[PDB]
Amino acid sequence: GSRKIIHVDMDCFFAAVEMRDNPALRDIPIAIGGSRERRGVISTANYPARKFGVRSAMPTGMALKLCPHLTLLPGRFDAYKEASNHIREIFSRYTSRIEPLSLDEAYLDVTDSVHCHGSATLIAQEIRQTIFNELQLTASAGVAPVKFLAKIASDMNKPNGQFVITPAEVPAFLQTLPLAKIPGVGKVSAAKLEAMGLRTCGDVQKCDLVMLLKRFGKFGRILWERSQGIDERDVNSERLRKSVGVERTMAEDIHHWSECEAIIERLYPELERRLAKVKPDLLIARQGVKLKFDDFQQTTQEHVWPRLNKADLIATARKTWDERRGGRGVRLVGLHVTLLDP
């Protein structure tokens, strides 16, 4: 009953699309990200820029210190959504068992496939090709018996490559696998685990489940499972969107309510336009606001509300402003909607 799971992951997705559409960008360092003047960060970069140390989520001022000739791009999201829709349709030629995890990646369960003699390796290869055909972008892939190993595997032969982990290969692979490689083990978790002497899945294998449960709750059960290759999560294919948000970081912190209210006036029409694409009648479960202060503490206040409404968002932002600001500057204002359950 061993399953075949593929994780397909586009290479330097946003940047790859910009280079296809502007070949002048191919061999110089480029990045999609907000300018230093907009206090932006890097969304992604191409390999010429990564050579200098440019990475996703890095402050753009830092990316420019590392790479002074970096070419900053604003982003063409409809072009990325178009490429996303296209690779998802390519996935559909092979199976309906597709769980997209973001624009540029997905899990596929090809256990019950008989497309390439049932070879998940050859299916992944055929998918990466033809994606390169048809779209002129490259993808990488991982093949494993469970989700998280497949997702780790797709990173190991990036770019334009793939990696296959068989059941017989799982124990040696786990033994020295850093815990931070596990999707969902982030910086904070890895430091907590490091400070108790737990760096790798092999370290966690020597641990008692009861101890992991005491110290990490349900997450400790995830750690215990993942450190043994155990990951029973099914490829879904029926996941639905649950929220939509629109937020903006200003170039300068704002200090007056009038400024905050003016930001909301520009944010609201965008939130409405995006909700209306998915819920034309604007009916929702909750709506609310977000403020982030100059000390980077952030607060949200949100409440049951039946239908997108600008004045209530302004009013709610006003309360948040007056009540939780305590004289600090505000760097970000955000609007938010929680979608109805079905």
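Throughout, we count residues from 1 along the sequence that is shown.
(request) Please work out which of 112 to 120 and 135 to 143 has the higher mean CA B-factor as recorded in the PDB entry. (result) Averaging CA B-factors over each stretch, the winner is 112 to 120.
(message) Going by the mean C-alpha B-factor recorded in the entry, which is higher: 302 to 310 or 288 to 296?
(response) The stretch with the larger mean CA B-factor is 288 to 296.
(message) Sorting 267, 127, 150, 101 by Cα temperature factor from the record, which one lands on top?
(response) Of 267, 127, 150, 101, 127 has the highest C-alpha B-factor.
(request) Could you say which of 215, 233, 221, 241 has its CA atom at the highest B factor, as listed in the PDB entry? (result) Of 215, 233, 221, 241, 215 has the highest C-alpha B-factor.
(request) Select lowest, middle or highest to describe the third in which the CA B-factor of residue 253 falls within its chain in this entry. (result) Answer is highest: the recorded C-alpha B-factor places it there.
(request) Compare the C-alpha B factor of residue 156 with those of the other modelled residues in its chain, then answer lowest, middle or highest third. (result) Tercile = middle for this residue's CA B-factor.
(message) Going by the CA temperature factor in the PDB record, which third of the chain does residue 19 belong to: lowest, middle or highest?
(response) It belongs to the highest third of the chain when residues are ordered by C-alpha B-factor.
(message) Ranking the modelled residues of this chain by C-alpha B-factor as given in the entry, is residue 28 in the lowest, middle or highest third?
(response) Its C-alpha B-factor belongs to the highest third of this chain's values.
(request) Looking at the entry's B-factor column for C-alpha atoms only, identify whether residue 164 ranks in the lowest, middle or highest third of its chain. (result) Within its chain, residue 164 is a middle-third residue by C-alpha B-factor, going by the deposited values.
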